[PDB]
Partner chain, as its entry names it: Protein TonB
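In the form solved without its partner chain, a lone chain appears below as structure tokens.
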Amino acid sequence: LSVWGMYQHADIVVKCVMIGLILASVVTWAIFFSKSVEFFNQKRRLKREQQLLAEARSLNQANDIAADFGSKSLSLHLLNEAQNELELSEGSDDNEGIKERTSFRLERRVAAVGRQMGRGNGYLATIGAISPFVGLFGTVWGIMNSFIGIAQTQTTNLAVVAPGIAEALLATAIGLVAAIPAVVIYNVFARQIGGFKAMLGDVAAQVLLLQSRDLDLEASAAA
């Protein structure tokens, strides 16, 4: 017997748990292949940018390195945040206020990127968490049909009870196929987002160190 052969011999209820769980599995692997390529390219880009910006000895030197990073560059967004804060604060005597406002902006920015990074993880979490609930529904539906079988035939043996038990076991099998990959993929991506946020945080830390040092050397020259 084939999986399409099993589908045909199952009742309308278990046919729907099958359709719904296979569609849940198709969406799990579709999210997986699109997000895996998205993270790979983005980590490769940020790792190169982090290495190049590590050579900067001033915020101005960092802006020169990042000049040809691209409009959609994350390191260039963080540097533009620090430059916009110095431009708007042009004419202020409080250097500590510039540093505090820049760190506030960069940390909120890094958080916002982390939120964008997981637009599909919500689907992976729900699929992994509810797939066993629907498998259990098919399990109870399955055994209920075994008892309907006993009532209808007024007989209690393996053969009368087998169609309902096989149907119950099918719902558990499909439930495990949908749930296990969604749980694994959700956790791998949640770990990758956390590791990416930490790397982007190290780049924003460098933008902050360069700005803080530059302001201190300027304040020393005024004193």
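Residue numbers count along the first chain shown, from 1.
Same protein, other form: the form deposited with its partner chain bound, not shown, and the subject of what follows.
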{"property": "Residue contact check: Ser34 to its partner chain in the bound PDB entry, 4.5 Å heavy atom", "result": "yes"}
{"property": "4.5 Å heavy atom contact, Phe39 to its partner chain in the bound PDB entry", "result": "no"}
{"property": "Contact of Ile65 with its partner chain in the bound PDB entry (heavy atom, 4.5 Å)", "result": "no"}
{"property": "Contact of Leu52 with its partner chain in the bound PDB entry (heavy atom, 4.5 Å)", "result": "no"}
{"property": "Within 4.5 Å of its partner chain in the bound PDB entry: residues from 24-44 (heavy atom criterion)", "result": "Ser25, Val26, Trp29, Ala30, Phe33, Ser34, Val37"}
